[PDB]
There are 2 protein chains.
Amino acid sequence: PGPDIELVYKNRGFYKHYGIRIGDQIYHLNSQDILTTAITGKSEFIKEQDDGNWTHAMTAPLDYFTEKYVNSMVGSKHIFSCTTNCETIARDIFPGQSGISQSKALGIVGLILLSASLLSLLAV
Amino acid sequence: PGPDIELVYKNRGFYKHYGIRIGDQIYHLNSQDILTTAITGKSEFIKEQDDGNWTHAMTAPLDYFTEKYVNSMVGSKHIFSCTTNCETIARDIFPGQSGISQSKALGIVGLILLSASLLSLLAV
């Protein structure tokens, strides 16, 4: 299982702040600043209504992203939490894996989103 | 695949500065600040005698890394050059691909090192 997931972004200064778009909802981190967030070592998820101001980045299966960002090379001290609004994340992003705990879902998607933001520093 | 390579790093506080150790030589980017390197968009490769200050990160075949960090999402805007001392890079890191050009070799290893160095912000 697992329909392709859509990575989207907004420009934030000289990098990109990423989200996963599922229907008319965007899951992303409540992070004002990527370097601050990285050094702080924790983030909260938010799920927002799509305001029409996101840009498409990449559509691919989850595995495409997890393979690169949830792996043995990519160390992380980061800790992810979420709001009540975000408890849909497991069903929305891992529809094929009925098992998946909420802290795993957050951990996986959170590493993808922060990793993408960090590697946006290499982009045009 | 090919023989395993050894990913190594120096902890520079803000970030971990990654290299590839082959024997007593480390290939890495002549850059003190990964943020500067990323935004400036060009780097020079150097090959240095092991000064005993490197930390072991990971051992894996080259392909473990290339297959992740050379991709359609992050691209290849970055420009690499190298010192004359560093022209051994193709032979040392790609023994299995004897026709591989130097600029392809620099491009591939460069994207691995930039990616690991940027993603180290999750960890430090």
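Residues numbered from 1 in each chain as written, not as in the entry; some residues may be left out. Chains lettered and ligands numbered in written order. Heavy atoms only, no water.

Structure determination for this PDB entry is given in the record as X-ray crystallography, at a resolution of 2.070 Å.

Caption draft 1: Molecular detail of the relation of the copies chain A and chain B. Its rotation angle being 177°, the transformation that places chain A on chain B also includes 0.5 Å of axial translation and leaves an RMSD of 0.9 Å. Look at the turn and shift together and you get a two-fold axis relating the two. Ranked by how close their C-alpha atoms come to the rotation axis, the residues of chain A are headed by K68 of chain A, at 2.2 Å. A symmetric contact is evident, with 85% of the interface residues of chain A recurring at the interface of chain B. (Least-squares fit on C-alpha atoms. Contact = heavy atoms within 4.5 Å.)

Caption draft 2: Highlighting the packing of helix 2 (residues 62-69) of chain B against helix 4 (residues 102-119) of chain B. Residues and elements named next belong to chain B. Two numbers describe how helix 2 lies on helix 4: the axes approach to 9 Å, and their chain directions differ by 75°. As judged from the angle between their axes, helix 2 and helix 4 are roughly perpendicular. Residue-level inspection shows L62, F65, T66 and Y69 of helix 2 in contact with helix 4, the latter providing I108, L111, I112, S115 and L119. The residue makeup of the contact of helix 2 with helix 4, split by class, is seven nonpolar, two polar and no charged. (Axes fitted to C-alpha atoms, helices over the stretch in contact; angles between N-to-C directions. Helix = DSSP H or I, 4+ residues; strand = E, 2+ residues; numbered from the N terminus. Parallel < 35°, antiparallel > 145°, perpendicular 65-115°, else oblique. Nonpolar A, V, L, I, M, F, W, Y, C, P; charged D, E, K, R; others polar.)

Caption draft 3: Representation of the nonpolar core in the model. Counting 77 residues, the largest nonpolar core has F45 of chain A together with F45 and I93 of chain B as the members making the most contacts within it. Contacts of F45 of chain B, omitting those with residues within four sequence positions, involve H28, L29, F80, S81, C82, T83, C86, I89, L106, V109, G110 and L113 of chain B. (Core = buried A, V, L, I, M, F, W, Y, C linked by side-chain atoms within 4.5 Å. Buried < 20%, exposed > 50% of the residue type's maximum accessible area, 1.4 Å probe, protein only.)

Caption draft 4: Molecular detail of helix 4 (residues 102-119) of chain A. Over its 18 residues, helix 4 of chain A runs 26 Å from end to end, which matches the ideal 26 Å to within 8%, given 1.5 Å per residue. Most of helix 4 of chain A sits inside the fold, with 14 of its 18 residues counted as buried. (Expected span 1.5 Å × (residues − 1).)

Caption draft 5: Main features of the interface of chain A and chain B. Across the boundary between the two partners, chain A contributes 27 residues, which contact 26 residues of chain B. Of the roughly 2400 Å² buried between chain A and chain B on both sides combined, carbon and sulfur atoms contribute 74%. When the buried surface of chain A facing chain B is broken down by residue, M73, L119 and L122 of chain A rank first, second and third, together holding 31% of it. Put simply, chain A and chain B have zero salt bridges between them. Linking chain A with chain B are four residue pairs in polar contact, by the criterion used here. Contributing elements (two or more residues each) for the side of chain A that touches chain B: helix 1 (34-40), helix 2 (62-69) and helix 4 of chain A. (Buried area = accessible area lost by both parts, 1.4 Å probe. Salt bridge = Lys/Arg side-chain N within 4 Å of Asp/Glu carboxyl O. Polar contact = N/O pair within 3.5 Å; in protein donor to acceptor, adjacent residues only side chain to side chain.)

Caption draft 6: Geometry of the sheet that holds strand 2 (residues 15-22) of chain A. Residue and element names in this part refer to chain A. Across the sheet, six strands lie side by side as 5-1-2-3-4-6; this open sheet has mixed pairing. The sheet terminates laterally at strand 5 (55-60) and strand 6 (79-82), the two strands that pair on one side only. Mean inter-strand twist for the sheet, computed between neighbouring axes without regard to direction, equals 30°. Relative to strand 3 (residues 25-29), strand 2 runs antiparallel, the two sharing four bridges. Across the sheet, residue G19 finds its bridge partner in strand 3, namely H28. Sitting on the sheet, helix 2 touches strand 1 (5-12) and strand 5, and the angle it makes with strand 5 is about 95°. Packing of helix 4 onto the sheet brings it into contact with strand 1, strand 2, strand 3, strand 4 (42-49) and strand 6, and relative to strand 2 it is tilted by some 140°. (Pairing = 2+ DSSP bridges.)

Caption draft 7: Main features of the packing of aromatic side chains. As enumerated under the stated definition, the model contains seven aromatic pairs over all chains in all. Centroid distance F45 of chain B to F80 of chain B: 5.9 Å. Interplanar angle 45°. Geometry classified as tilted. Of this pair, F45 of chain B sits in strand 4 (residues 42-49) while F80 of chain B is found in strand 6 (residues 79-82), placing the two residues 35 residues apart along the sequence. Stacked on the ring of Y9 of chain A, the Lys or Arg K16 of chain A has its end atom at 5.3 Å from the ring centre. The cationic tip of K68 of chain A hangs over the ring face of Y64 of chain A; the distance from NZ or CZ to the ring centre is 3.3 Å. (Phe/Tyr/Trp six-rings, centres within 6.5 Å; stacked < 30°, edge-to-face > 60°. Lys NZ or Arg CZ within 6 Å of the ring centre and 35° of its normal.)

Caption draft 8: Region of the structure containing the pairing of strand 2 (residues 16-22) of chain B. All names here are of chain B. Of all the seven residues making up strand 2, seven are buried; the element is thus mostly covered by neighbouring parts of the structure. Residues of strand 2 alternate between two faces, with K16, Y18, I20 and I22 on one and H17, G19 and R21 on the opposite face, all of them buried. As paired elements, strand 1 (residues 4-11) and strand 2 share six bridges and run antiparallel to each other. Directly across from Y9, in strand 2, lies its bridge partner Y18. Alignment of strand 2 against strand 3 (residues 25-29), held across four bridges, turns out to be antiparallel.

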